């Protein structure tokens, strides 16, 4: 009924009438004022997950990039997400790339973007989160945690120092931080996934995190690309275990263009998201789980539009999942749809809950 309206009428009219950047801004705005259904799906106990030092009422989060500046957090919980990740936030404000910088590939259920870390900056986000800090503390306690994704400024001379500043400023306000070393849209950034660079960077990040007062001390995750070599994945796994990194977000967008893309805009520069990324992301989860012996929580992201999509990532090793791109095509009903289908599939496959399914394919 209501998922059939947004998918076939509203989203085709929103997206047909406005350029994707405009549409996204309007969506942030609407979401932030809480103009959504109100959201009817009541989360089953089957969907609760305990990971990263927190309870998650359900395992479906909004991926980084939808709410870059932390403006819509409460509306995103109201949409039925189990957890919200904001960002990426850069130390200083910066504008990002010139427009157009986001492209829909409706025939692929995909998006390409080259935003380039358009960010209001740490200070503005810090103030926005402080204004609701206690409210968030109650949400977290009730099983609705908040992640903050950190990036780096385009002209920064010292990448590690940018991330460290991010830890110092937003770490105290976050349940988890993400060291986003996987945007395809900032020159040299993905180099920070290499072994020696990554170890030096994360050492410094963890030190900064460790220097925060205990109730303000977040988990630290690293978000990785789907385009890594085997060598690069081996090396990340090694560093993450050596340093005690709390988890991985797997994956960012791809700079690949899988054969079969039909959208006219398929050769635009940027990162590809949505359904052509799905199985590349799933396979990256699968390998990172195996290389970390199932001991390092993974948040699985890339092309999730359904309960099956979510369960494939969980079974491959994700403790939690996120989605973004599906919202472009299905709108807010997709969240309840993913949850309901995931619950039914867990029951069908004989799992007592999401926790029992995590990594099941490896057992």
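Rigid core: the largest C-alpha set superposing within 1.5 Å between the two forms. Residue numbers count along the first chain shown, from 1.
>> Fitting on the rigid core only, I'd like to know which of the two stretches, 231 to 239 or 194 to 202, ends up farther away in Cα terms in 9 other deposited structures of this protein.
In response: Taking the RMS over all superposed structures in 9 other deposited structures of this protein, 194 to 202 lies farther out.
> Do the C-alpha atoms of 150 to 158 or of 126 to 134 have the higher average B factor in the entry?
Replying inline: Per the PDB record, 150 to 158.
>> Averaging CA B factors per stretch from the PDB record, which one is higher: 60 to 68 or 22 to 30?
In response: Taking the mean B-factor of the alpha carbons in each, 22 to 30 is higher.
>> In terms of recorded Cα temperature factor, pick the maximum from 286, 278, 223, 99.
In response: Out of 286, 278, 223, 99, the record gives the largest C-alpha B-factor to 99.
> Say you rank 109, 292, 186, 113 by Cα B-factor from the PDB entry; which sits at the top?
Replying inline: That would be 186, according to the entry.
>> Please place residue 175 in the lowest, middle or highest third of its chain according to the CA B-factor in the PDB entry.
In response: Its C-alpha B-factor belongs to the lowest third of this chain's values.
>> Please say which third, lowest, middle or highest, residue 193 falls into when its CA temperature factor is compared across its chain.
In response: According to the entry, residue 193 has a C-alpha B-factor in the chain's highest third.
> Which third, lowest, middle or highest, does the CA B-factor of residue 46 fall in along this chain?
Replying inline: CA B-factor rank for residue 46: highest third.
> Taking the C-alpha B-factors as the PDB entry records them, is residue 334 in the lowest, middle or highest third of its chain?
Replying inline: It belongs to the middle third of the chain when residues are ordered by C-alpha B-factor.
> Lowest, middle or highest third of the chain for the C-alpha temperature factor of residue 327?
Replying inline: Tercile = middle for this residue's CA B-factor.
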